[PDB]
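So this first bit is one chain, no partners, the form deposited in one PDB entry, shown in structure tokens.
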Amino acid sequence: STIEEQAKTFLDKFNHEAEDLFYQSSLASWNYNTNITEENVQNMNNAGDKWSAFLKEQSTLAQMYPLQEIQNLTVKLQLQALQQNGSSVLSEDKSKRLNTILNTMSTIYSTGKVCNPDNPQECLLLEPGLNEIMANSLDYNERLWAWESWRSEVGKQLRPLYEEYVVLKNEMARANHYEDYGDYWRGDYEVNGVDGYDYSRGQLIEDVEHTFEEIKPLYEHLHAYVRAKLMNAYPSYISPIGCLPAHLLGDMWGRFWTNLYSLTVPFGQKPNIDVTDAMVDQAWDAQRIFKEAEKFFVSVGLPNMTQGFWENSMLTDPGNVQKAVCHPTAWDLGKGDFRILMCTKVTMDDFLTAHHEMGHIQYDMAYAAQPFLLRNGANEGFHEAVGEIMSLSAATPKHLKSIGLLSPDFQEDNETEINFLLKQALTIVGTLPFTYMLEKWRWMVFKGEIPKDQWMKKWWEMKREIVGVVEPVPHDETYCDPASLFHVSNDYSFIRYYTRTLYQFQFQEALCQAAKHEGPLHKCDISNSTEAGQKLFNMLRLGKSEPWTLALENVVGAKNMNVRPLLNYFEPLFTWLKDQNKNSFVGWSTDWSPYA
């Protein structure tokens, strides 16, 4: 028997062993997240520890089959994915050092508090305390206090830890034969040995920068229109040609400009479409919300929700005594068990989130027949892209009228369309320079292109240059402001939110073309179109079994990430913005700062 035949047998034992341990770990995790008790914490940690230990063992056993001698590519994918596990590459001491740094940094972020001057007992956490200030407060000084206090008392704690975190992560990445830890992260998009579909780690950097260049004209005009409206509300604080102060962007970091809508709404006399009142008028409950979401996927040819889904999911808040983690999540426990955890309220926001989360379920169900290790989205951006396009179609006035929530006597005029697209652009477009710049900074830090004594200097040089955002207070190299964001201090890659954004509009444009949609792309509803559902399902059932370049091609007919559908989505706003900024400055000077 050859090395490959031994590998096929090894994966057969692994699949059936992992399938069982994963189900016990997810069940224990589910039982805590629905019934929060001390004993449920113990059960999760046990089942989770046995799952992790099983992975450490099987990862070591997988390495004894050397990849060079495997030829069945679907076998090499599973063998490779199991082999890359960084616990058994560094020394025991260095791995122990790294796990302590990661846990400390996570604890500082989640327990870090800030206490207002003259009252050392009235302190605030990031959630919900400081987040409420950055999301609702219009007072310049209160926002500046929350922005600076977070970075000066929690960020400074994280700076020495992050420096050692970079050193150890690079050692682990280099020992796995990557250039650096950023190179390791870019390996999610790597494809080898498939003619016409390969993709290198370096090619991701070029494609991100190439596509970001085409985003710049739309971002420049959105930045200009936002600056003009903010300047009307804060005349003494904002330069007509300078960057936007970092503490006036709607949240703690300016990751999304969603909460700038109140001050930047183009037509404040036209209200938003909000079917929450209609749902309550018709006595909708959570079960009706998810029944409609199930109806939506059935209309395009996707399968019913399983009987276990209705019996085993938790679609309402359990009650007073019983406590649950209410963050909406879609659970793929395996063994045919699919569930949604959601503390659903009768609102339009929860109606759309149900379509988003059930979109995750449809993806999970579609690739359930794949081997265990290939049961995932084509790359890190596919799964979230699938969920987002479901809320795109479900929120259109076309869809809301057909399901009897929006009256037939509501007609969209070009002003509510512009209101909607700007609100969309504040979240979707505003995050793209933020996402690209942050991940670019981390890539260079891992590469070594930024020395430690210039981390903060370079961090705000790029914020001014790429994002058009300026710090309101000068920050020396005792600060670590990127670490003041969850993903940076909790060791999550960030470029996924950029690639996913481009994927979702590529998906929606392709599915609307299959649905024979007539009109602007943002008004499309793929409901009742089986051709659209078939086109989506052809990719969903692939999972990770095929290169993401081929999986993308199954939906859109192109092998690479493309920014054109995103610009096609926002074209009505782009022409409006350019006409709005005819007597406004477009662009920004990087030398202006609010601290003169």
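Basically, rigid core = biggest C-alpha set you can superpose within 1.5 Å across the two forms. When you see a residue number, it is the position in the sequence shown, counting from 1.
Omitted here: the form deposited in another entry. The next part is about that form.
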Task: Identity of the moved residue from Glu206, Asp139, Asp453, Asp281, C-alpha shift 2 angstroms or more, core fit between the shown form and the other one - done: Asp281
TODO: For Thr478, state whether the C-alpha moves by 2 Å or more between the shown form and the other one after rigid core superposition.
DONE: no
Open item on the list: On a rigid core superposition, would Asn119 pass a 2 Å threshold for CA movement between the shown form and the other one?
Closed with: yes
Open item on the list: Given a core-based superposition, decide whether the C-alpha of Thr258 shifts by 2 Å or more between the shown form and the other one.
Closed with: no
TODO: Since the C-alpha distance between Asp118 and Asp139 changes by 3 Å or more in the other form, give its direction relative to the shown form: closer or farther.
DONE: closer
Open item on the list: So the CA-CA distance for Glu132 and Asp277 moves by at least 3 angstroms in the other form. Closer or farther than here?
Closed with: closer
